[PDB]
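> quick one: experimental structure and sequence below.
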Amino acid sequence: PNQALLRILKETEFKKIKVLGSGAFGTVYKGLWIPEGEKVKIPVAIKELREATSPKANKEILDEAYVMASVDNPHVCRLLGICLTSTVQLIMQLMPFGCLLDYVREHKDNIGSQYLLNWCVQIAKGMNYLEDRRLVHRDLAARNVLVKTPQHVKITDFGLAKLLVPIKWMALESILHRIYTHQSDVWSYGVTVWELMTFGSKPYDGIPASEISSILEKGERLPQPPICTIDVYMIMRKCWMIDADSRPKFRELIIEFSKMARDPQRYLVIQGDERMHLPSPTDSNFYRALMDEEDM
Amino acid sequence: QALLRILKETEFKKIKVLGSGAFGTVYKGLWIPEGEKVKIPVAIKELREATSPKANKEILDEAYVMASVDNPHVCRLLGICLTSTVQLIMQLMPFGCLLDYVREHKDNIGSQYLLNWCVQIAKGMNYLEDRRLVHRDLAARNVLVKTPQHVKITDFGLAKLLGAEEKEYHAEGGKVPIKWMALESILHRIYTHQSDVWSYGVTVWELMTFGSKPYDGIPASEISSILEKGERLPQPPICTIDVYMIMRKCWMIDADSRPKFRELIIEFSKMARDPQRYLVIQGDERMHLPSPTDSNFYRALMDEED
Ligand SMILES: O=C(Nc1nccs1)[C@@H](c1cc(F)ccc1O)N1Cc2ccc(-c3ccc(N4CCNCC4)cc3)cc2C1=O
Ligand SMILES: O=C(Nc1nccs1)[C@@H](c1cc(F)ccc1O)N1Cc2ccc(-c3ccc(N4CCNCC4)cc3)cc2C1=O
Ligand SMILES: Nc1ncnc2c1ncn2[C@@H]1O[C@H](COP(=O)(O)OP(=O)(O)NP(=O)(O)O)[C@@H](O)[C@H]1O
Ligand SMILES: Nc1ncnc2c1ncn2[C@@H]1O[C@H](COP(=O)(O)OP(=O)(O)NP(=O)(O)O)[C@@H](O)[C@H]1O
Ligand SMILES: [Mg+2]
Ligand SMILES: [Mg+2]
């Protein structure tokens, strides 16, 4: 961990503007960074954790924050900065589009097959990269994929296991034994893709979280999303095998979905898939030069 | 052609004037992509004069070249709207142009920053020369600050669009940038890579003076005569003779005798490795230079192209 990658912030160089949402461990705000000696106001996203901290407690956090500021992959968000006060604040890039879960709801049945497949590929590439860095996500879900542009999504909020519940995204072995590996991350990938293919349906909606390990024992799984051809649905089911080692690997999921992305209409069936927009190269260039210059 | 977005009037709005010059007014604005809920800040330039559709076809031909540049020290044109007065879209620079930046930080700019800026501007101009694009209007106001460590050339390439009227422009009519121009350009209204080198000389002079107006108090009417007599801009107090002589070389009468952008890169890169030897600045020992932690932060938040 090159410690120059994590910028330590004083309270005086940023301000919280507005609340974006909250989750298990914190609250996310629209923020503004003020570089010292300048008059510019730079938008940032700030997460403040619910529970306070001591310098001994902070030593564990800094040690991990250094690891998450060291990721370097186009499909993985990296921690940028931190402010250690009574409560801890974490700073990353603010994404105006927000998370992919809200984006598929906002455009429900208004999203073509080229986009959904492209996203699956991209989430897989980012998860594979974390695996190569030997980082377990532990909380992969559509709410933790961020839309940088409609053509470019990024994984966020990974790596919290060595500092510590999303039952309906969790593998059977994680529910029963708090076992988190990359293969249980592969389970949450399967659930994430099911979210995309349903435009943000809630998984196991009538079924309380208390009962989830029973129904997975019984062999029940999430139903096949209407737009999914069988080939796509069995990748999802392969991700939900009892035997973690029988699940697909993230390198395999990249090859597979990127093969389906080459003829998207063969693998998903969307009504008026020709009503749908598709990523114009003119549109893609404009988005990249304006808000997405990173190297890919 | 994919590199220039042809825009609809409905997908952007002007919000605030940022400034104006010879041919247009610049606004801070918002791009609102169709069918989305996001408002993306952008800079919008509206030209002062309305254009016919035939004039627009010419403008569009040049706009495609202006959108084709791809270099970390040259800004590219992003979109165009063919409104009655043409509107032009590029990235919005929160720090503004370098002229206003050096004026606002006149007491906190050290020799590393100034020399690095000279290198970067030379790099961008040499890319334009390699692409055989003439600037015609290089000046500190047409260098933008992406971050204090990363400056970029803007607003090049207009010469062909002005060719019909260029010879008629009055020295006092503010359409022809007399105090940045080579002598042969004032007399003949033709612009080349070597006359751009002269503007570069003036641009560097602006930076070394933290934004003084060149030939201040002298009407533009009289510039051609004082140059023909051998007069030039004075030596900025912070410049050693080494730096002043490069500047004076950019203002030699014979265009072919001036330095090349290729060589200016090398010379300013050499000085940038020992800045306090070549620029004498009050408080330079204390002046800020950016640690890797702060440059990394800057790049992730607003300058990912690196
Ligand atoms: O900051 C992050 N999100 C953001 N959203 C918006 C703006 S910043 C992501 C994040 C951002 C990235 F860019 C990349 C990875 C990543 O994980 N982090 C970083 C981080 C560091 C430490 C912790 C942390 C520390 C302690 C605890 N304990 C304390 C004791 N009681 C139980 C909980 C739990 C979590 C969480 C995160 C975290 O959630
Ligand atoms: O848009 C540009 N600046 C911007 N600032 C902020 C937002 S956009 C740059 C610009 C941006 C870049 F990124 C790269 C190069 C560049 O030149 N342009 C583009 C442009 C196109 C056309 C013209 C133009 C066309 C016609 C005339 N005639 C008409 C006949 N009667 C006399 C006047 C004058 C000027 C000017 C520019 C221009 O100034
Ligand atoms: N960098 C960001 N830019 C824009 N929105 C963000 C950003 N980070 C987080 N958010 C938004 O803030 C919401 C709350 O985030 P967070 O606190 O991580 O909870 P969560 O992901 O929804 N649930 P958990 O699983 O507990 O993280 C996210 O779901 C997004 O809606
Ligand atoms: N992309 C930008 N982002 C933020 N500010 C900009 C941007 N481009 C230009 N500006 C600012 O807008 C001002 C006016 O620009 P412009 O209309 O080109 O005139 P100019 O270059 O200053 N003079 P002239 O050389 O006569 O055109 C500039 O001087 C800068 O202060
Ligand atoms: Mg989250
Ligand atoms: Mg300009």
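That came through, no problem. Residues are numbered from 1 along each chain as shown, chains lettered A, B, ... in the order given. Ligands and ions are numbered 1, 2, ... in the order given.
> in the stretch 151-296 of chain A, what residue lies closest to ligand 5?
Nearest residue of the stretch 151-296 of chain A to ligand 5: residue A:157, at 3.6 Å (C-beta to the ion). Every residue, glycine included, has its C-beta placed from N, CA and C.
> near ligand 3, which residues of the stretch 51-200 of chain A?
Within reach of ligand 3 by C-beta under 6 Å from any ligand atom, the stretch 51-200 of chain A has these residues: A:92, A:93, A:94, A:95, A:98, A:99, A:139, A:143, A:144, A:146, A:157.
> pick the one among those closest to residue A:128.
residue A:144 (16.1 Å; C-beta to C-beta).
> quick check: that closest one touching residue A:99?
Yes: when contacts are counted by C-beta atoms under 8 Å, residue A:144 is listed as touching residue A:99 (7.1 Å).
> need the overlap of contacts for those two.
Shared contacts of residue A:144 and residue A:99, defined by C-beta atoms under 8 Å, 6 or more residues apart in numbering or on different chains, are found at residue A:156.
> most neighbours among the residues of the stretch 51-200 of chain A next to ligand 3, which one is it?
Neighbour counts for these, by other C-beta atoms under 10 Å in any protein chain shown, peak at residue A:157, which reaches 26 neighbours.
> not counting its neighbours along the chain, what's nearest that one?
Nearest non-adjacent residue to residue A:157, counting by C-beta to C-beta, 6 or more residues apart in numbering or on different chains: residue A:144, 4.7 Å away.
> just the CA atoms of the helix or strand hosting residue A:259, as PDB, please.
Residue A:259 is located in helix A:250-260, with elements delineated by DSSP states H and E. The C-alpha coordinates for helix A:250-260 follow below in PDB (Å, rounded to 0.1, in the frame of the first residue of the first chain):
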ATOM      1  CA  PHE A 250     -15.100 -14.500 -12.400                       C
ATOM      2  CA  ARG A 251     -12.600 -15.100 -15.300                       C
ATOM      3  CA  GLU A 252     -15.100 -17.500 -16.800                       C
ATOM      4  CA  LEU A 253     -18.000 -15.100 -16.400                       C
ATOM      5  CA  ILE A 254     -16.100 -12.400 -18.300                       C
ATOM      6  CA  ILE A 255     -15.500 -14.600 -21.300                       C
ATOM      7  CA  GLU A 256     -19.100 -15.900 -21.200                       C
ATOM      8  CA  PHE A 257     -21.000 -12.600 -21.000                       C
ATOM      9  CA  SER A 258     -18.600 -10.900 -23.300                       C
ATOM     10  CA  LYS A 259     -19.500 -13.600 -25.800                       C
ATOM     11  CA  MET A 260     -23.200 -12.900 -25.300                       C
END
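> contact partners for the residue of the stretch 151-296 of chain A closest to ligand 5?
Residue A:157 makes contact with A:23, A:139, A:144 under the criterion C-beta under 8 Å, 6+ apart.
> of those residues, which is the nearest to ligand 6?
residue A:144 (42.5 Å).
> is any residue of stretch A:91-106 near ligand 1?
Yes: residues of stretch A:91-106 contacting ligand 1 under C-beta under 6 Å from any ligand atom: residue A:92.
> so is that stretch next to ligand 5?
No: Stretch A:91-106 stays clear of ligand 5 (C-beta under 5 Å from the ion), getting no nearer than 7.4 Å.
> okay, that stretch in PDB with CA atoms only?
Extracted C-alpha coordinates of stretch A:91-106, given in PDB (Å, rounded to 0.1, in the frame of the first residue of the first chain):
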ATOM      1  CA  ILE A  91     -14.300  10.500   0.600                       C
ATOM      2  CA  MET A  92     -14.600   9.200  -2.900                       C
ATOM      3  CA  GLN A  93     -15.700  10.400  -6.300                       C
ATOM      4  CA  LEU A  94     -19.300  11.600  -6.500                       C
ATOM      5  CA  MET A  95     -21.300   9.800  -9.200                       C
ATOM      6  CA  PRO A  96     -24.100  12.100 -10.400                       C
ATOM      7  CA  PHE A  97     -26.000   9.100 -11.900                       C
ATOM      8  CA  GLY A  98     -25.900   7.300  -8.600                       C
ATOM      9  CA  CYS A  99     -26.000   3.500  -8.200                       C
ATOM     10  CA  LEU A 100     -27.000   1.000 -10.900                       C
ATOM     11  CA  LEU A 101     -30.000  -0.300  -8.900                       C
ATOM     12  CA  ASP A 102     -31.800   3.100  -9.000                       C
ATOM     13  CA  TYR A 103     -30.700   3.500 -12.600                       C
ATOM     14  CA  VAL A 104     -32.300   0.300 -13.800                       C
ATOM     15  CA  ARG A 105     -35.500   1.200 -11.900                       C
ATOM     16  CA  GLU A 106     -35.600   4.700 -13.400                       C
END
